[PDB]
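J.:
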Amino acid sequence: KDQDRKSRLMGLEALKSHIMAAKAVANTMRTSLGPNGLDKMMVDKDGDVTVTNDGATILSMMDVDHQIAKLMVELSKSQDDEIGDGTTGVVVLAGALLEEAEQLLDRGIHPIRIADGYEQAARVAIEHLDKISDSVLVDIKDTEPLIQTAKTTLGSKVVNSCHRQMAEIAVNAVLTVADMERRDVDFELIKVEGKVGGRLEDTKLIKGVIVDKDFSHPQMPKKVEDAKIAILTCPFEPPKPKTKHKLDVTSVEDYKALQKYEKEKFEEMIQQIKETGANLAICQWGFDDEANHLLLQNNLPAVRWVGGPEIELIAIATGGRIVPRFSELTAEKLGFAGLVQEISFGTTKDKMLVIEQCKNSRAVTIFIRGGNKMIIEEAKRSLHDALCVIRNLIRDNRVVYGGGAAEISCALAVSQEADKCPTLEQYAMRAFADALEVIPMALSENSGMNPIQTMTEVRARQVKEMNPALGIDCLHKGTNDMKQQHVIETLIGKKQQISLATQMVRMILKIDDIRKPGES
Amino acid sequence: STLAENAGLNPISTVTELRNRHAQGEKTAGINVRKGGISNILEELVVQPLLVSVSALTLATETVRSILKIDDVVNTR
Amino acid sequence: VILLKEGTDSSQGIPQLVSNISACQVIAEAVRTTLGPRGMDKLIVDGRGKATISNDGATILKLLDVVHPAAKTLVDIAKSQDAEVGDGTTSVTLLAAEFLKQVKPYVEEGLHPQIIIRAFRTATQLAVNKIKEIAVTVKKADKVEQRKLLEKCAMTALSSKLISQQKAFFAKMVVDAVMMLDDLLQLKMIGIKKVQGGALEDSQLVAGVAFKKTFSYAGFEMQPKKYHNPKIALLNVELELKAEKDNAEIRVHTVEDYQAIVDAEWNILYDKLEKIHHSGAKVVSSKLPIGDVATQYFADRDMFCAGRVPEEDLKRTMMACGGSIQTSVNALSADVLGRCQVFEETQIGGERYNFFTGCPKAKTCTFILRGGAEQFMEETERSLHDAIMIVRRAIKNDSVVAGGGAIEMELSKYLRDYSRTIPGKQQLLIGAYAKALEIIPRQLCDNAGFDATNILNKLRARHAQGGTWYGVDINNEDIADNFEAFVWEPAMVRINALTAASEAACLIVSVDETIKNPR
Ligand SMILES: Nc1ncnc2c1ncn2[C@@H]1O[C@H](COP(=O)(O)OP(=O)(O)O)[C@@H](O)[C@H]1O
Ligand SMILES: Nc1ncnc2c1ncn2[C@@H]1O[C@H](COP(=O)(O)OP(=O)(O)O)[C@@H](O)[C@H]1O
């Protein structure tokens, strides 16, 4: 059915057409590579306007209707969870490998043979990266250089104004949820949130759970020491529903009875706090001024106007249980915490609920403040790089020098080993070397320098001047040798960068027919 | 690759195989059209003088350098 | 004014047959590059824009649904081959179009279609007789255990792949998963799940059903993870507190009435929770999420609970345990409740994976993969599914022949040498039938990036000197004894491919006119 107007194209004309689409996605992002990358003006469907150079955000907003380009976006969706930093490096490298592959199709190479050639060269590159790697925190748990390296990458984003305070926060979070000995960090437990107001320096790390809610009365204890956290759906007062009140009195005989239920239940409900021994009373709907009177004399802290899902978030962290009705009240369902406090952000009366365990718990969240919503969001993704950076640093202390030093060193090894490949993949191995050089060649172009002259000069220095790898000085600092500049990327980052790029090239090279039925 | 094409061989696999034989061996490895495949040319007694290969690169490169230096052509009268 | 057709489009004779021959080659071209394990993929887009990537010939033809009359004949023939066998649709599709291509110039030269049918019906029976005479039975060759030979056939498909360095481990996982099943073997029963990260050797093989278990609600330090004979409950109920399926909303002024509304709101959920308790369910599970409040009820009453289970995993456990997935909790009883022998909650890769081992109807299992990315697992997923079929085929049918087009070249030698002794018009046709068998070893070379000329000429020369099992090697660009290399296929499955191919070509050749009611 619907064979009319069906897509029909195969052979080299189809592969070159597929390669043409991937190059457009790469060339669009090749300029946004590095700290000197050119931003991209994104207009949302709702009419908003945003500007950034994040490779991940560019691909999420880039709604390319071509199918080959969609696979390039699906690839980057997984990279954000593994590498974090070089999302543009994967797409830029894939476009380079496909562009060089087009020269091979004219020579008469099969796409599957090029796929085997890149897989062989990708193993040579991954083997070479471990040789030129270096450790940081080997055989010792240290916090000083772990703050230093993560601080360098953050300096490019909008967190540059207070970049130092963010790096120390990302260390205590991962150090809290995960142990450096086991070296198995869980990025899912490290949440992220924020609110407009204050400045970037006001970002904090909550060892526990945080919900932007205040006490039922300002005279409540600013620090709750007792570990008796009663969580309910209704407040300890004459009960009201969770959805809507809709007060419509009928007559006075009913109204005067409501006054009786006040004195009857305000004392009885708050007496239940003493019968069971609860101290911090968390509840969906808030308290009236009457219950605040009884709560203050006995030093009974309590939260007010907590949301639907906000209730469950505290029970998971504190290990408590929800008491949806007062008949189900008991001592076993009460939460547990070391100390709960109220953080009043200076002149701004935020008064956020801060339930802490007084130790390194298995749940943390970094609340990013800021005077501009556009700077907070770009700062939220800036910190996201530090997490995956610190995650890979702990999972593997081995790291390699960034700035394109690794790509140039890998290209030399692949070029030498290509001579030892007596088969048609020899032309493909050479193409992998030239494609690796596009990442450093792109940083030189984006910095306003001659790409080729800067490319070959660094490569000759990696052989003639000295054997250790040397990078490109994109920030116009003193000189090359990024080891002095302290610009170092994770070994797991580069290994997955060229691996995901090769896997996408093989997946695209092994497709020669995009069939779609047309509307007749 | 042009010699391999004329000899019925694959233009790529012929030069791709010979580039490994030259990395490991010497210049004796070359295309033998009499037998239809790669063979040790030193044994086949198929040689040429050195001036042919040297004068070819010398005169060809000078022509390429000359053609590269042409910025434009002017029609006189 | 007065015409005979009046919209009835009809053409007859040689032009109609030649039109159907060319239309059949279009279906061949759609599945020509997918022949073999290393065949190129095909991207298909439905009406909604959803993409579909797959190198399976059967799955491609189902999504096309070509409207040409002659093309539908091959598709329905190939679809029947998929339902009966599930493999060989591409070989049947390619051979049929190739039988039609080789007899194309003879049809144009005035040769009758019926004379061509006598050649296919004759050459087919001679080929089927040659397969059984040359085929070989392998049950206990070399006094080697079947577990070891099947390991060789499994790693053969997995050779020179992304898991080539550790295929010894992966090879055993295929033989183990197949041997776990009963006499009735099927590919759908043995499921597979993907788990990103970790070494390739860490791929686990659960004997029962397994799933990610994204359920991270409260309920820890309770709900014992071990049961001897639990009454497993499978539902689709949402027992969440802040649930859209179970909630109450009443708005009045009397605060005394809110004392009943907020309490009756929970009493409704308690009547549904108590119905689960009275039913005797021990290991309760549901597709929809379950809240923290409900888990406390399961904890206070010493009951297990694990929600957010996919329906496929639940239905896979349904056929394994033998229960029933009941939507409403009111009909939950012993009729729908399942059973199992040993249940345990493990720690595969840090996350918890529930699984019931030794179920009463345990005809299924699950294989959890591990790797550095999805493409390591997806590429591994494709090769293992055929590895299960290879092991599943060798045990069923002991008579096999050399794959990789080795049998196709032997028949080409027999039929071609036989055609010379057959005087008449059958000579050119039986020989044309022989050359059509060259496409199977040819496209395996073209799709693998090899030179089909150098291989086919070197391959056809080996069969003349005495070769009978030599064929195409997708790994090394050279010929190899596919029998010694344990590249086997069932002889009866290959016999049904030639029969369906000739029967499909005969239907197209026997047709001379197309008729179309104007509608
Ligand atoms: N301070 C720096 N000095 C030199 N090169 C850098 C520096 N920071 C980043 N780079 C280079 O820029 C490239 C992209 O970095 P980054 O912006 O973190 O990833 P992406 O561009 O994918 O978002 C990396 O390959 C890295 O080598
Ligand atoms: N490891 C192998 N080596 C050589 N040939 C193979 C190998 N595996 C499969 N083949 C060949 O690929 C062809 C197609 O196999 P398969 O995909 O199972 O059937 P279909 O292509 O009809 O779906 C078969 O004719 C077989 O000879």
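Residue numbers (the entry's author numbering), protein chains in the order written: chain E, 18 to 537; chain d, 463 to 539; chain H, 6 to 524.
For every residue, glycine included, the Cβ atom is placed at its ideal position computed from N, Cα and C.
Chain E partners of d/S501, CB-CB under 9 Å?
T.: The contacting residues do not exist; d/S501 stays about 16 Å from chain E at best.
J.: Quick one: is H/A311 near chain E, going by C-beta distance under 8 Å?
T.: So no, H/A311 is outside the interface.
J.: Would you list, in chain order, the members of the segment 379 to 395 of chain H that have their beta-carbon closer than 7 Å to a beta-carbon of chain E?
T.: If the cut-off is 7 Å between Cβ atoms, the segment 379 to 395 of chain H has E379, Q380 near chain E.
J.: Can you give me the start and stop residues for the beta strand (DSSP E) that E/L297 sits inside?
T.: From DSSP, the beta strand (DSSP E) with E/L297 extends over 297 to 299.
J.: H/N501 lies in the beta strand (DSSP E); which residues open and close that run?
T.: From DSSP, H/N501 is part of no beta strand (DSSP E) but of the alpha helix (DSSP H) over 496 to 514.
J.: Tell me where the beta strand (DSSP E) around H/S291 begins and ends.
T.: It spans 288 to 291 - the beta strand (DSSP E) in which H/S291 sits, taken as one unbroken run.
J.: Give a yes or no on contact between the segment 485 to 495 of chain E and the segment 507 to 516 of chain E, applying the rule of three or more CB pairs nearer than 8 Å.
T.: Judged by Cβ distances under 8 Å, the segment 485 to 495 of chain E makes no contact with the segment 507 to 516 of chain E, as fewer than three pairs qualify.
J.: Report the three-state DSSP secondary structure of H/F372 (helix, strand or coil).
T.: Three-state result, H/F372: strand.
J.: What are the complete alpha helix (DSSP H) segments, minimum 4 residues, inside the segment 277 to 324 of chain E?
T.: Qualifying alpha helix (DSSP H) stretches, in chain order: 306 to 314.
J.: Rounded to whole angstroms, how far is the Cβ of d/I474 from the Cβ of E/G125, which I believe are closer than 8 Å?
T.: Right, the Cβ-Cβ distance comes to about 6 Å (below 8 Å), so this counts as a contact.
J.: Restricting to Cα atoms, I'd like to know which of E/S93, E/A139, E/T473 is closest to residue 588 of chain E.
T.: For chain E, the structure presents residues 18 to 537; residue 588 of chain E sits outside this window and is missing.
J.: To which residues does DSSP link H/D46 through a beta bridge?
T.: In the DSSP output, where bridge partners are listed per residue, H/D46 has E/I528.
J.: Rounded to whole angstroms, what's the CA-CA distance from E/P235 to E/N309? Just pull it up for me.
T.: For E/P235 and E/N309, the distance between alpha carbons rounds to 9 Å.
J.: If I measure Cβ to Cβ from E/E395 and keep anything under 7 Å in the same chain, skipping five residues before and after, which residues do I get?
T.: Answer for E/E395: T69, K174, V175, listed in chain order.
J.: Is there contact between the segment 238 to 245 of chain H and the segment 270 to 281 of chain H, where contact requires at least three CB pairs shorter than 8 Å?
T.: Yes, they touch.
J.: Please check if any C-beta of chain E sits within less than 8 Å of the C-beta of d/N482.
T.: Judged by the 8 Å Cβ criterion, d/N482 is in contact with chain E.
J.: Identify every residue that forms a DSSP beta bridge with H/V149.
T.: Answer by DSSP bridge pairing: none, since H/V149 is not bridged.
J.: Would you say the beta carbon of H/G408 comes nearer than 7 Å to a heavy atom of ligand 4?
T.: In terms of ligand content, the structure shown lacks ligand 4 and carries ligand 1 and ligand 2 instead.
J.: Quick check on E/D151: does DSSP put it in helix, strand or coil?
T.: Strand, per DSSP.
J.: Beta-carbon within less than 8 Å of E/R532's beta-carbon, same chain only, minus the 5 sequence neighbours each way: which residues are those?
T.: Around E/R532: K23, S24, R25.
J.: For the segment 199 to 210 of chain E against the segment 356 to 373 of chain E, do three or more pairs of beta-carbon atoms, one drawn from each stretch, fall closer than 8 Å, so that the two count as touching?
T.: No, the segment 199 to 210 of chain E does not touch the segment 356 to 373 of chain E.
J.: Entirely within the segment 260 to 341 of chain H and at least 3 residues each: give me those beta strand (DSSP E) ranges in chain order.
T.: Complete beta strand (DSSP E) runs here, min 3: 288 to 291, 309 to 311.
J.: Please check if any C-beta of chain d sits within less than 8 Å of the C-beta of E/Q443.
T.: So, interface residue.
J.: Short check: CB of E/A195 to CB of E/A184, under 8 Å?
T.: No; because the gap between Cβ atoms is not below 8 Å, this pair is not in contact.
J.: To which residues of the same chain is H/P294 closer than 7 Å at the C-beta, ignoring the five residues directly before and after it?
T.: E243, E245, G312, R313.
J.: Tell me which same chain residues have a C-beta within less than 7 Å of the C-beta of H/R447, skipping the five on either side of it?
T.: For H/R447, where only same-chain residues beyond five positions count, the Cβ hits under 7 Å are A457, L461.
J.: Go ahead and label H/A76 buried or exposed: buried means 16 or more other beta carbons lie within 10 angstroms of its beta carbon, across all protein chains shown.
T.: Its Cβ being crowded by 16 or more others within 10 Å, H/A76 is buried.
J.: Quick check on DSSP: helix, strand or coil for H/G476?
T.: If DSSP states are grouped into helix, strand and coil, H/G476 belongs with the strands.
J.: Starting from H/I197, follow its DSSP beta bridges and name the residues at the other end.
T.: DSSP lists H/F372 as partners of H/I197.
J.: Do H/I32 and H/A505 have their beta-carbon atoms positioned less than 8 Å apart in this structure?
T.: No.
J.: How would you call H/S169, buried or exposed, if buried means at least 16 neighbouring beta carbons within 10 angstroms?
T.: H/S169 should be labelled exposed.
J.: Is the beta carbon of H/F309 closer than 8 Å to that of H/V288?
T.: Yes; because the gap between Cβ atoms is below 8 Å, this pair is in contact.
J.: Per DSSP, which one or two residues make a beta bridge with E/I333?
T.: None; E/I333 has no bridge partner.
J.: Do you know how far the Cα of E/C300 is from the Cα of E/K259?
T.: Between E/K259 and E/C300, the C-alpha separation is close to 10 Å.
J.: Tell me whether H/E254 is buried or exposed, calling it buried when 16 or more other Cβ atoms sit within 10 Å of its Cβ.
T.: Under this definition H/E254 is an exposed residue.
J.: By the DSSP assignment, the beta strand (DSSP E) with E/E506 in it spans what residues?
T.: Counting along the chain, the beta strand (DSSP E) containing E/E506 begins and ends at 505 to 507.
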